[PDB]
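For reference, the structure is listed below as C-alpha cells.
Number of protein chains: 6
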Amino acid sequence: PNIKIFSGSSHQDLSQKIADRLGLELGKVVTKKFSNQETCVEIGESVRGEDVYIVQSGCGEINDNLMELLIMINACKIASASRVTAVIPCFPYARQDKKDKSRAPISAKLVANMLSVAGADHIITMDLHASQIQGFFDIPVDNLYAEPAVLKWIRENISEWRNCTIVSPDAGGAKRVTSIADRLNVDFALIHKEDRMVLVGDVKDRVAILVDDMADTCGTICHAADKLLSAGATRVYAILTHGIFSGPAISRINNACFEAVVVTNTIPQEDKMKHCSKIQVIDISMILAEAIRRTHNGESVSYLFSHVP
Amino acid sequence: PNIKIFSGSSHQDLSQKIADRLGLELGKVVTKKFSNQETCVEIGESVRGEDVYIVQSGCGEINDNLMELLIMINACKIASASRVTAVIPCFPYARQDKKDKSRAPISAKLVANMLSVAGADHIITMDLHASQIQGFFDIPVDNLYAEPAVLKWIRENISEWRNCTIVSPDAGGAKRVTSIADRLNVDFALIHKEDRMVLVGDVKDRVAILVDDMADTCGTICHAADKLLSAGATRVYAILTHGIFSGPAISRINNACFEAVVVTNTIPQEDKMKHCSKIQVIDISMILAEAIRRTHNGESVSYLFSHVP
Amino acid sequence: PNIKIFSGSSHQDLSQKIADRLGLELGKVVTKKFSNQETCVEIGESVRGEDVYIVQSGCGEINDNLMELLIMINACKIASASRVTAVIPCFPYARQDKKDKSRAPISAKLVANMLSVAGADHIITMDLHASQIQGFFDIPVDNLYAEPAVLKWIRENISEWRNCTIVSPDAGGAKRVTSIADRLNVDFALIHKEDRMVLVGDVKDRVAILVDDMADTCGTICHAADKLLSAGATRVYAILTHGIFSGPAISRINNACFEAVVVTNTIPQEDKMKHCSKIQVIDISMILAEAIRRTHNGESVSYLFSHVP
Amino acid sequence: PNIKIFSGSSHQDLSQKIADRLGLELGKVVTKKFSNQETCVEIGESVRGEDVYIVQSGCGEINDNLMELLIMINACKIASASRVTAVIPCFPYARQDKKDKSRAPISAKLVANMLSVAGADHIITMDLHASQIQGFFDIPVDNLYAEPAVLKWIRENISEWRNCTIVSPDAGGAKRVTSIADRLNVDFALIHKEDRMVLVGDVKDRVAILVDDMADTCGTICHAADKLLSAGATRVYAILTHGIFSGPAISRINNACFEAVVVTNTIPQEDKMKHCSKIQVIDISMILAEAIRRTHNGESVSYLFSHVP
Amino acid sequence: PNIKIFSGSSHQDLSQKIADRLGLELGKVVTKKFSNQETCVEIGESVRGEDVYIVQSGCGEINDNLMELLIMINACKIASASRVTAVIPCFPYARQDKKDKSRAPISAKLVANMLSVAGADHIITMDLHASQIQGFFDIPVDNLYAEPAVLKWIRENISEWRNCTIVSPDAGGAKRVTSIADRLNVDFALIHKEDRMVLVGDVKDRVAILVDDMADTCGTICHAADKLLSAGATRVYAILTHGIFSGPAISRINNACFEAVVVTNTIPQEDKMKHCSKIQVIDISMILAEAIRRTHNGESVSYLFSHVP
Amino acid sequence: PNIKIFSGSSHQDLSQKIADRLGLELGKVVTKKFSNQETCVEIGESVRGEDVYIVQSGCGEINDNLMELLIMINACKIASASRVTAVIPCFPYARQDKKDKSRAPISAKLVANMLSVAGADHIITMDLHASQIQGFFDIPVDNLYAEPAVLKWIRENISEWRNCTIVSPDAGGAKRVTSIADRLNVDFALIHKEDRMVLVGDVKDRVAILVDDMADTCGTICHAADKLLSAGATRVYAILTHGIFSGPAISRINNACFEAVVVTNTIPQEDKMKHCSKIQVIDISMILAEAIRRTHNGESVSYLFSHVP
Ligand SMILES: Nc1ncnc2c1ncn2[C@@H]1O[C@H](COP(=O)(O)OP(=O)(O)OP(=O)(O)O)[C@@H](O)[C@H]1O
Ligand SMILES: Nc1ncnc2c1ncn2[C@@H]1O[C@H](COP(=O)(O)OP(=O)(O)OP(=O)(O)O)[C@@H](O)[C@H]1O
Ligand SMILES: Nc1ncnc2c1ncn2[C@@H]1O[C@H](COP(=O)(O)OP(=O)(O)OP(=O)(O)O)[C@@H](O)[C@H]1O
Ligand SMILES: Nc1ncnc2c1ncn2[C@@H]1O[C@H](COP(=O)(O)OP(=O)(O)OP(=O)(O)O)[C@@H](O)[C@H]1O
Ligand SMILES: Nc1ncnc2c1ncn2[C@@H]1O[C@H](COP(=O)(O)OP(=O)(O)OP(=O)(O)O)[C@@H](O)[C@H]1O
Ligand SMILES: Nc1ncnc2c1ncn2[C@@H]1O[C@H](COP(=O)(O)OP(=O)(O)OP(=O)(O)O)[C@@H](O)[C@H]1O
Ligand SMILES: [Mg+2]
Ligand SMILES: [Mg+2]
Ligand SMILES: [Mg+2]
Ligand SMILES: [Mg+2]
Ligand SMILES: [Mg+2]
Ligand SMILES: [Mg+2]
Ligand SMILES: [Mg+2]
Ligand SMILES: [Mg+2]
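Chains as they are written, first to last, in the deposited numbering: chain F, 2 to 195, 203 to 317; chain A, 2 to 195, 203 to 317; chain E, 2 to 195, 203 to 317; chain B, 2 to 195, 203 to 317; chain C, 2 to 195, 203 to 317; chain D, 2 to 195, 203 to 317.
What follows is the structure in C-alpha cells.
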C-alpha cells in the first residue's frame, strides 16, 4: 500500500507543497462542475489497495469544497482504496460546535457524520477551533498544532522576542497563549470586553503578540490591538493559524496598527496578500507532510506537537 | 403532532404555495450565510413533537442548497421533532446514480446517505431520474409523478391532443412516454441517435409532444425537435418535469422550433421565463401538498399517481 | 403513553422530589448487587408502550451508577417501552471531553456512545461541563441550566446583590458569569493564575459571588476566594451547580473564608452538609420535573432557560 | 494473507475452473442440508487471516443458494478471515431493483443489505441487471462485463461478423448493443413493441445478433428473432450473459429460428444443453479468476473491461 | 394506527385463526414465485401508518419461507408502515445458536441480523430453542410459552394427571419439565444417555409425559419412550411445542409405544396427521392473537406466561 | 504491526505472565482514579499501527474493571491502533445471558454492545458461561477452553484418575463433564435437585471429581460434595475454571469435605488462598499467550482446544 495524494480544488498550492515534501506526484483526478453546477469528480488512476490522502481545506466556497471532498472520498472508497484519509487543514463549520440556548444545528457534528458516512477512515487537521470536535468522530482524528512553526517564526522574526508579551484576544484563547508563553519564557496577557476592553499584564515598552486560531472579520484582533497600543505597547503583532479574512477584514487590518499579521497557509493567501501588505504567511506544509508520512508508516504523530521537521 | 412546513432558500415560492394549500403558515426559520459563507440556520419556533417538512429542491447553487437542507434537518432532529421529512422536488445528483466503467462516485447514493445521517425519516420527491434511487435509501421514499398534471395540461392546452404523437427524445425515456400514450390513447414514437437521429412512428401532419424528466442544456430535446420537423410534424411541444435550463439551454430553445416548452415548477422558473417566451409552467404544488397531507394523516399517497387533487 | 419515573440508586431523594412534582409514584424497580458485585436490575412493573424516564446522576460510585443506568435503560428498552429517556443531572466523565496533546480517551464520548447503544432515545441533563458534549450524541440532548434558580437564590439570600460582583474562578467560566451579571445588572470580574492569581474588576467593599459549574476538590474556588479577600471584598460567596466535594474539599471549605457555598442538588449533599456548615442546597427538582413534563407533552423546554417554574 | 476459494453448491464447475486458473485447490467446506432442510455449513479448514472468496451464483434454487452464501460468509467472518468477498456471477433478485408505482419490495436492496450484514467486505459480479445496484451497497462492488468474451466469440464464430447488425431486443438494452457495435464497427438496430414489434435499421441479407444480459423465459428474444426473420435477416443469433432458461424457454428456443443461443457460464448450463441443441456456452471463468487475483494483489480490475486475459 | 395481519405462505391456517380471533380479515398480499423461483411479493393494500404483523413460521421450505418473510417485511417498511412485527411461531435456525469448537456459523444470529436489517421493529415467537436467542436481537423479542396450553391439555386429556411423572428426554430440557411439574404438583424424571439411557425417578404404574420444545426426527423421544416402558411405566405421552417431524419421524412414531404425540400448531400438521394416527394438535392461536393484541394496545404480554386467554 | 500487551488493574499477575510467555514487556499505561472516582487512563506509548491486546478479567470491582477496559479500548482505538483485542479471561455479566419470564436486562448482550462500540475488533475469553454469548457479538470471539489444562492437572495430581468419576453438579454442565469423561475414559455422573439431590452413577470406593465453569458462592458444589460423600465416594475434588469465591464461599469450602478445590487463574486467587488451604491454582497463561500469538500470526486458535502448549 503506497501513499496517494489527491488535491481538491480549494488549496492546490498546499497539496503540491505536501506532494513535493513526500517525494510524490499529485494523483490524477478531474474535479470540475457540470453545467448545472453539480460537482463532477473522476479519479484518473487506480487507487485499489492504496493509502489515499485527499487534501481539502474549509475555505473559499465552503459548501462546494466540502461536497467535493465528500464526493472524492466516496469515489476512492468505492474504488477499493485500502484506506482513505481526509487532510482538512481548516475544518469547516468548526465554530458551530454547540447549540448554547439556541435552536441551532451542531453543524460541526453534521460535517463529521457526513465525512464518516462518505467513507473516511482517518482525519488530519490543524488547530481545531475546539478540540472537542475530535469527539464528534468515531474514526481517529489527528489535530496538529501550528505552535512549533509559530515559535520558529517568532524567534526568527521578532528581535525582542525574549522581552515580548503573548496576548490572548479573549478569555477563550488564553490556554493557547499560555502554551506559547511557556515555550518562549515570556509574559502572557489577557484581554476581554466588559464596547470597552480590559487588559491584564504589563505591556508598556514591550512588543505584544496577539495569538489566535483564526481571523475571520478581524474585529476581535483589531480591537485588541487598539487596546494594546492604548496601554503603551511598542509594536503589536498578530499570529493566527487560520487566515480566513472574510468580509471587511482586509480594510480593518489595513487601518489597524499591526506591524504584521502572520497566518499559516492552511488557507490560500495570495489574493489577500495583494490587497494587504502586512499579511505574512508561515508554511505548515512540512507539518502536514510529516503527519501524512508518519500515519502511513505507523510512526508517532504526536512527536510533531513539539518538534519542527 | 402537527404539520410544520419549513422553506429552504432554494424555492420559496413553491414552499409558500404548498403552505397555502395546507392552510398553514411557513415555519419561522432564519437561513442565511455567515461572513465566510458557511450556512447559518436558526429555527425560530419550537418543533418539539411535530411532523416537520422541509422543502428544498436541487436547483440553483446546488451544493449550498443541499448543505442548507442537511443543516436544517439536523437542527430539527436535535430539536426533538417527532418526525422530519425532506421534500425535495428535484433530487440533486440524481444523474450520478451509477459508475458504468468509470472510477466515478455514485453521488446520488452519497446524497442519500448524507440525508439519512442528518436525520431524515422520510423523503418526498418528484420524478426521480432513476427510480432505483429509491433503493439508495433505507427510509421510505415517496417518488411522486408529474404525469397527472402533464395529462391535464395536454388536454386543456393542445386542441389536437387526440391525434398527437407522444415522442421520447431517447430510448431511455420510452417507458414514460408509453405511459402517457396509454393514458391519452395516442401514438408514441421513439428517437435515438446512430450525429444523426432515427425516428420510428408516423408524425406527419400530427402534433408531436416530446416528453422527459428534465431539460438541462436542452441539446437532446432541440435535436429531437429538429428531427420531428424534418419528419413532417405540424407542431412540436416539449414537456419536462424538471426545467433546469443551465448553460446554453435558453438560447437553444429560443432558436428551436418548439411551440412551447412546458416544465413543472419543481425548480423556480421566473428568471428563465424573462428570457424565454415559450417556457410555460405547470403548478405541481397541489400534488406536493396532497402528498404531505396524506403522509401526515396516514392516507394513501399512491392514490396521487393517477388522480389530480 | 404515560410517564414512568424510575430511580437509580445514586440519588433517590431527587427522584422522589421529581416524582412528587409530577404527581406520580416512582416505578417499581429492584436495583441491587449480586454477590460478586454485578448489578442486578428487575423492572417490577410493565413499561410496555410507556414514556420511561430513568433518573441517575454521575455521583458517588460513578462506574457502578453508570452501569446501573445502562442496565436499566437496556431492561426498559427490551421490555418494549415506547421511549426511554436518561435524566442525568450530573453527567459522568464530562471533564474528559477532549484529548489535548495526550494519548487519552475521550471518555465523555464513550459514555455517550454507551448510552446510545443501551437504547436511550433522549438525554436530559443540567449544566454540561462543555456544551460540545451535546454533539457527542446523535439523539436529542436537553441541557438545562441552573441559572434561573441561582438568580432566585441570589436575590432572596444576598441583601446587597444589586451592588455585588459576579466572579469567574478562571477564564473558562467567564461566559457563565457574564450571563449572570447580565441578568442581575451587576459587575463581573475574572480571576486567572499566572501560584499567583490576578483579578480584574473592582471588588472592594462589595460582595463577591464566585460562580461555577462544579466544585470537585475546591482548590480553584478556595484560591479565588483568598484572592478576593486580598482585594478588599466584604464577603465572598461561591455558587456551583454541581457539588461533587471529593477528596479534601470539605476541609478546604471549612478553612476557607466563604460566607456560604451554595450548590444545587444534582448530587446528594446530606453527608457533606453534616461535616460542612456553610454548604447550602438549591432545589432544582422543579426544573427537572418541568423538563420531563414538557418533553412528554411536546411543550417548549427552552422556556425553562429563563423562567423558574 | 492468501487466497482461499470456497464453492457454494450452486455452481461447482465454475468454482473449480476459477480455482484451477488461480492455481489453487477449493477450500474444504461441507455445505449440506439438515433433515428439516435448514442449510448446514462447516468450514473444514482455518481461514484465519486469509482473503476468502466464496463463489455462488443466483441460479437454481435461488433462496437456498442465497441463504447458503450468507451462512458461509457469516461462518468465515466469525472465523476471523481477514477479508471476505462474495463472487456472485449472476446476482439474485437483480430485476427487483425498484418499486415503480407498486407496493413492492426492492428485493435487490434487501439482498445487498443482507450480504453486508452477513459480513461481506467486497462483491464481485458480472453484468448486473442495472448498474444502479452498485449503489445499493456501501462496500465496493466490481461489476465485470462479459463483453470482451462476447466480442471474442463473435469474431471467432460468425464469419460475416464485419457485415452483421447488433440488435437490442428492447429499448432498455440499447446501450449495451451500441457498445458492442462500437467495438466491432458494425451497424446496430433496435426493436420495441408498440403485440407487434417495430425494428429500426437495415437487416436484410445481413447476419443479426441479438444481445442481452439475460434470457429467463426467452419470450423477448424469440419475438425479436421472429421480427428479424420477417425483416429479411439471413441468420439470427442471440448472445446473453446470463442463461437462466426457466419455464418454457427451452421449448421456445427449440421452436425458434436462432442459429445459436450463446450464453456465458455464470449459471450452469449442462442440463439445458441436453434438451436444447443450439445453446452454446462461453467460458468466463478466466475473467472471474483474473478479477479475484487482481483484487487480491491490488492491481487494476477495470483493465478487464476491455481486455481478455 | 390499526392492526394489519399478513400471512406468509408457510402457515396460512394459523394466520387465519389469529385473524379471526382478532376480529380482522387477513391483509391483501400476493406471495408467489417468479418463473426463476425468486419470491414475488405485492402488498395489495396501503399499510401506511399501520401496525403490521406478518405471520410466518420456520417450517416446510425453510429458506423460501424466510426469504418471503424478509421480503414482506421490507415491502411493508418501505411502504411507510408505522411499525412492522414478525410473528414467527417456530424460529428458523434456532438450533444453530452457537459454534462449540466448530468452524460453524451462528445461523440464528445471522437470521436475527437479517430480520433487523429488513426492518423488523419487533419479534413475537413461541418457545425459542434457547432463550439466549433473545439477546441476538437489539429490537424487543416476546418469547411466548406453550406451557399454559400444555397444562390445559394435560388436565383435560390425561385422567391420571395427578399421579403422572413429567419426564425430560435429556438433561437440557429439565428446566422446562420442572416448570410443568411445579404447576401440576407431580413428580419429574430425567433421562440421559451414557446407546444406553439412564432414568432417575420412579415411573412404575404411573403415566409418564415426555415434554420438549421440538421433535424433528424423534429419535430422542422414541429412545426415551422405550426406556420409560422398560422402567414399568403404564402409558407414555410426548408433548412438544414444535412438531417438525422431518425425515423418519413419522415411521418411528408409528413404531413407538406413545399413547399420543401432542404438538402445538406452530407448524402445520395436517399432512403428518394423515400418516400418523397418534399425533394430536393443540391450538395456540389464542396465545398468539392475545400477544399481538396486547403488544398493539400496550398491555402486559407476560401476563400470558401463566394465563390461558 | 507488533503485539502490544496492556494490563488493566484487575489481574496484573496474569498480564505479566502472558507478557513473559510472549517475550514482551507490558505496555506503558497509567490506570488510576480521579478524586471523584472516575477512571483515569493514559497510554504511555504510541500504539499507532499496532496489534493491541488489553487484558482485563471480570473480577473484583466488576463495574470499575469493565469501565477501565472500555476506556482503555477507546483510548487505543482513537490513538490509531491497527487492531484492538479485548482479552477477558472471565467475561463479566455472563450469567445474565437471557430474560426467562422476567422483566430483566440481558446484561451480557449490553456488555457485548459496549465492547463493540468502544472499538474492540476481537474478543479472547475462556469458558464463557454460555457459548451463545458468542452470538451476542458481531466481531469474532475466540472462546478458549481450560479443559486441556484440567486434564493435565487431573492426570498429574489424582493417582486414581483412571478409576475416577467425573460429576456434574447440575444438569446444565453435563456436556462439559462428558467431554472430560471422554478424554479420560472414565465414568461420568450427574447430580440434580428435586433441598434433596439425586445422583446417577456408581461412585462408591471411587474418587469423584466435580467439574464446573465457575464457583461463586459454592453452594452448588458444596451440596454436590455432601451428596457424593453420602453415596460412598472415597474423595471428592472440585475443578472450576473460574474461582470467583464471593460471599460465604470460603467458609463453606473450609467446612466442606473437598480434598482440593482447583480453579484456573482467570481470576486472581492469592487472597483466597490465604484463607482457604484447599484452593489450588492451574496456570492458564500459556493458553492465553498462545491464543494471542496465534491470532496475531494468523495461525489456528482451535488447535488449542485439544493441545496444551
Ligand atoms: N462561520 C461562522 N462565522 C461566524 N460566526 C459563526 C460561524 N459559525 C458559527 N458562528 C457563530 O459564532 C458563535 C461562536 O463564537 P466563538 O467560537 O467565537 O465563541 P464561543 O464558542 O461562544 O466561546 P469560546 O470559543 O471563546 O470558548 C456562535 O454564535 C456561532 O453560531
Ligand atoms: N448534473 C449533471 N449534468 C450533466 N451530466 C451529468 C450530471 N450528473 C451526472 N452526469 C453524467 O451524465 C451521464 C448520465 O447520463 P444519462 O442519465 O442521460 O444517461 P444514462 O444514465 O447513461 O442512460 P439512461 O438514463 O438513458 O438510462 C453520466 O456520464 C454522468 O456522469
Ligand atoms: N473526574 C475528573 N477529575 C479531575 N480531573 C479530571 C477528571 N476528568 C478529567 N480530568 C482532567 O481534567 C482536565 C480538564 O480540566 P478542565 O475542564 O478544568 O479544563 P480545560 O478543559 O483544559 O479548560 P476549560 O474547561 O477552562 O475550557 C484534563 O486534564 C482531564 O484529563
Ligand atoms: N425474477 C424475476 N422474474 C421475472 N420478473 C421479475 C423478476 N424479478 C422482478 N421481476 C419483475 O419484472 C419487472 C422488471 O422488468 P425489466 O427489468 O425487464 O424492465 P424494466 O426494469 O421496467 O425496464 P428496463 O430494464 O428495460 O430499463 C418488474 O415488474 C419486476 O417486478
Ligand atoms: N436444523 C437442524 N437440524 C438438526 N441439527 C441441527 C440443526 N441446526 C443445528 N443442528 C445441530 O444440532 C446440534 C445442536 O443440538 P441440540 O440443540 O440438541 O443440543 P445442544 O445445543 O448441544 O445442547 P442443549 O440444547 O441440550 O443445551 C449442533 O451440532 C447443531 O449444529
Ligand atoms: N453475577 C450473578 N451472580 C448470581 N446470580 C446471577 C448473576 N448474574 C445473573 N444471575 C442470575 O442467575 C440466574 C442464572 O443461573 P444459572 O446460569 O446458574 O442457570 P440457568 O441459566 O437457569 O441454567 P443453566 O446454566 O443450567 O443452563 C438468573 O436468575 C440470573 O438473573
Ligand atoms: Mg467557540
Ligand atoms: Mg475566539
Ligand atoms: Mg441516467
Ligand atoms: Mg434521458
Ligand atoms: Mg473550570
Ligand atoms: Mg431487458
Ligand atoms: Mg434437546
Ligand atoms: Mg451451572
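All C-beta atoms in this analysis are idealised placements derived from N, C-alpha and C, irrespective of residue type, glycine included.
Exercise. With hydrogens ignored, establish whether the beta-carbon of residue 202 (chain B) is closer than 6 Å to any heavy atom of ligand 12.
Key: Chain B lacks the residues between 195 and 203, and residue 202 (chain B) is one of those with no coordinates.
Quiz item: Any beta-carbon of chain E closer than 7 Å to the one on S108 (chain D)?
Solution: yes
Exercise. Starting from the N-terminal side, write out each stretch of the beta strand (DSSP E) that is 3 residues or longer and does not extend beyond the segment 223 to 247 of chain A.
Key: none
Exercise. Measure the C-alpha to C-alpha separation of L312 (chain C) and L152 (chain C) and round it to an integer number of angstroms.
Key: 13 Å
Quiz item: Between the segment 219 to 227 of chain A and the segment 240 to 250 of chain A, do three or more beta carbon pairs fall short of 8 Å?
Solution: yes
Quiz item: For ligand 3, any of its heavy atoms closer than 6 Å to the Cβ of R177 (chain F)?
Solution: no
Quiz item: Looking at the structure shown, is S259 (chain B) part of a helix, part of a strand, or coil, going by DSSP?
Solution: helix
Self-check item: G50 (chain E): contacting residues in chain C (beta-carbon distance under 7 Å)
Solution: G306
Quiz prompt | Validate contact between the segment 12 to 19 of chain D and the segment 34 to 52 of chain D using beta carbons, cut 8 Å, 3 pairs | solution = no
Quiz item: Is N144 (chain B) near ligand 2, in the sense that its beta carbon is under 6 Å from a heavy atom of that ligand?
Solution: no
Exercise. Note down, in chain order, every chain C residue with its Cβ under 7 Å from the Cβ of residue 199 (chain B).
Key: Placed between 195 and 203 in the numbering, residue 199 (chain B) has no coordinates, as chain B goes from one to the other without interruption by modelled residues.
Quiz item: Is the closest heavy atom of ligand 14 to the C-beta of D98 (chain D) under 6 Å?
Solution: no
Quiz item: So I300 (chain B) and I4 (chain B) are in contact, right, with Cβ under 8 Å, and what is the actual spacing, rounded?
Solution: 7 Å
Quiz item: Between A:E307, A:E278, A:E298 and A:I6, which lies nearest to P317 (chain A) when the distance is taken from Cα to Cα?
Solution: A:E298
Quiz item: Should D188 (chain D) be listed as close to ligand 13, given that the test is whether its C-beta is under 6 Å from any heavy atom?
Solution: no
Quiz item: Any C-beta of chain C sitting closer than 7 Å to the C-beta of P141 (chain A)?
Solution: yes
Quiz item: Mind checking if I290 (chain C) is an interface residue toward chain B, Cβ cutoff 7 Å exclusive?
Solution: no
Quiz item: So does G173 (chain B) have its beta carbon nearer than 6 Å to some heavy atom of ligand 12?
Solution: yes
Practice problem: Report yes if the CB atom of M73 (chain E) is closer than 7 Å to the CB atom of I89 (chain E), and no otherwise. | Solution: no
Quiz item: Would a check of beta-carbon distances place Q133 (chain D) closer than 7 Å to chain C?
Solution: yes
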